[PDB]
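Chain naming follows the written order as A, B, C, D, E, F, G and H, and within any one chain the residues start at number 1.
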């Protein structure tokens, strides 16, 4: 959970915002402080090796968020959780010596 | 496949004739590979319950679902009265057939363990 | 030029493949067995196959 | 598992002697474009291809199956290297 | 006796079949093979090529759209379709969505022979003034052939997408002890065949049996060369 | 003809264009080191008639095995605001090339427990050690390195 | 089991095969019905697996279920290479690593 | 698309067959059906319980015979025979041998419509003055039924014997990937088929394809019960 936060690989809400326009480029959240602030997204941008950086908007085009609550995901970060691979069912057995 | 089962279920018993042990296997009193004794001769259930004139016969009986890969049975393999397990015989078969005479092949392999 | 390799050159390649065998090595070279010769088998994919018994 | 391997190794004394023989002969098979060989069209190497099943062009295999018959002669100091190139590169183009 | 054949369906999606009785072990001997041919060789659909007016590549960000381009292709491959016409193996589809509307399979513009079995499959969540235009040229074929393999050449901006054919989702046969028969140790064959609706379980069983018996009839005259 | 496909203006490739290894990206062109063509090559030139032009091809192609699609078009010309190039060099370009790669045959893979491995082939969904519910397994790892 | 007996199914024969094998090995306590045996074999992490190639089951049970795995950096798509005749080190005519 | 089936035999006993090319997994789809049906079906000779004069128990040792009772019962099982007419699915054969005589399968006393295709088989070795009399019941069927399953005594002391039905000894097919031009995704599936005397390697095969295609035609008429 915290891994994606302290790594700053995810973009949360600085305060209790209100998601106005999702826009998979510009995620805007009008904060409770009355000001209107938006955080642009890094969607599909080169990284130091091969794997790009992505911020997948997981927040509906309106609702009131919580301060410190996630808005846009990250490459290995799913729903504010460290997601490396994908959980898969595996049979433990000698399959044709493969 | 080369291993050999021995269950402790049967625990071994003294049976006058093969009939006792015969009905006993279906009665659960004895186990398929359980090391019992008929009269004065010492033998297992399956050791009698399966008599194969030739290996291919055993192959059928086991592959048809009437027997298990590792069980102590009786077969006539390579002009000799044998008593062993199906996988056991299978081994020799594979080797020889991959050589081209099962005779010397089986002759240099341990058919016991 | 390009990736346009037709079957024409596939079979043609196999014509010079059959017979002669290429040497396959695995570092380190400790045992001489770290280098053994095998028959080229044109196969799909990227990685490389080999007999599981000689891999040891 | 090249066919005749056991027999091959068993022919000569060392491994290398064999390799050398196969080598020089396989080369000779190329210099004359296969019209030298002591085998018969049934014995000659057969490569099965979709297009047509020809004789396997691989020289190595040619020499391989070639020695298995024994019709070939080898060993050091066989004949003078001189006349060996006069009556070899002549008989075949 | 005779093979009492039963078939218990549900809709174009779920379906069951039963062949009872049968010889011991026979049920396994028959049930799995048809299953095997079924999950694979069953002819199918589910897109080919997708285009959007604002997109130059699968990585492009369309304004007014929460989902990324390929992110939508996730929903497009999973999309189920059926052409009512056997002659139509290729046509075209259209889509238009403006304003804050939820783009789903149903929003597609209907045409001749085209049929979507899942109108509720989410395509993209659109915000205010988010406009979207889409055209998928959906063709029929068999198996699984990713975009990399099949070319498209519809236009400079139109891109191939992976194709998941075979309307069959999953299949599970079953062997059990049946009471219908003379002797004992008999088999009651059961089938769990699942389908997206493009092809009903009945259709799947039918044509699979066709491809099966067909490839099976290749056994007529061999050429014997004895040593 | 075709080798010039997405070059549309300044010798750059349009965004979202597949460059298979062996294709190009940019258009670099400089005067070749001028050297009299070999005799056979001189006659070879006269025959066909394409002259040996002052400038020869330079332009940067794409590596053998990185097939992508163009995304970042980044040009930096000498003489533009907020860009200082090397002392006596003209316009440069850094193009981005992205490619989608599915799990390939032989690609390294490991679990959280430190068990390395490379994908050995694949396996048809058809043939799989499934369960009574008709759900086929997706990987199947041997109990050796346990 | 609810999605089995409820959905209109029952104990499979192949299941019986495996269960019996386990009842011989001890993986499942004897005297217990297949409902209990396949259960004990289930909590063992194992189950009754068939063969999608054949359809016959497996003599023994095989554990399964979800696991977290990952595709590591190194990919043959990059590393794999072979050349014929390329450039050479200016000094000595050796090739280039 | 046009899989060539070619088959090379040896005698009426052993034979091999290949269907090349074929789609990946198809060959495997063929192998098990053909296998289980070949070994669990295919009507054949199959001798059941035998009677012997002066001998009762399956163990008691018959004098003037080098081999004991069971040892002979094995050679009785290895014997193959066939009915000239489909109407006689069960017969009985008899044998009587005295003195120092070498008994073979051919040495058996013949019957009405019955033909022993296995003329030379050591049945039993007779010693000096060795007296013997026997009666064998040969019935037709399929699969494998040991002494336990089939009870039979047609005599005072009759000894039930394993029934060897399927003339087939073993099969164990094999698939593999062969190449074609460009594509290597094909199957070279091969099958090794053994048979004793009853049916030639081809006959067993064809008969198996019959049993298969037969069962495949059982899917015709559904019986609808929807949930």
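To be clear about the criterion, a contact is a pair of C-beta atoms (placed from the backbone, for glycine too) under 8 Å apart; a residue touches a chain by one contact, two chains touch by 3 or more.
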item	value
Closest chain to global C-alpha mean, per-chain Cα centroids	G
Most extensive contact between chains (C-beta pair count)	E-H
Intercentroid distance (Cα basis), chain C paired with chain A, Å	45
Centre distance in Å when chain E and chain G are each reduced to the mean of their C-alpha atoms	26
Inter-chain centre distance, chain F versus chain G - centres from mean C-alpha coordinates, in Å	37
Residues within chain G bordering two or more other chains	8-9, 12, 49-50, 52-56, 58, 62, 64, 67-71, 73, 76-77, 80
Per-residue multi-chain contacts in chain B, two or more chains	64-65
Multi-partner residues of chain E (at least 2 other chains)	24-25, 28-29, 32-33, 36-37, 40, 59, 174
Residue ranges of chain C in contact with chain G within the complex	45-47
Contacting residues of chain D [partner chain C, same complex]	45, 47, 49-51, 56-61
Sites on chain E touched by chain B in the complex	24-25
Interface residues, chain F side, partner chain H - complex	124, 126-127
Residue numbers on chain A that touch chain E, as the complex places them	21-25, 41, 43-44, 54, 56-57, 60-61
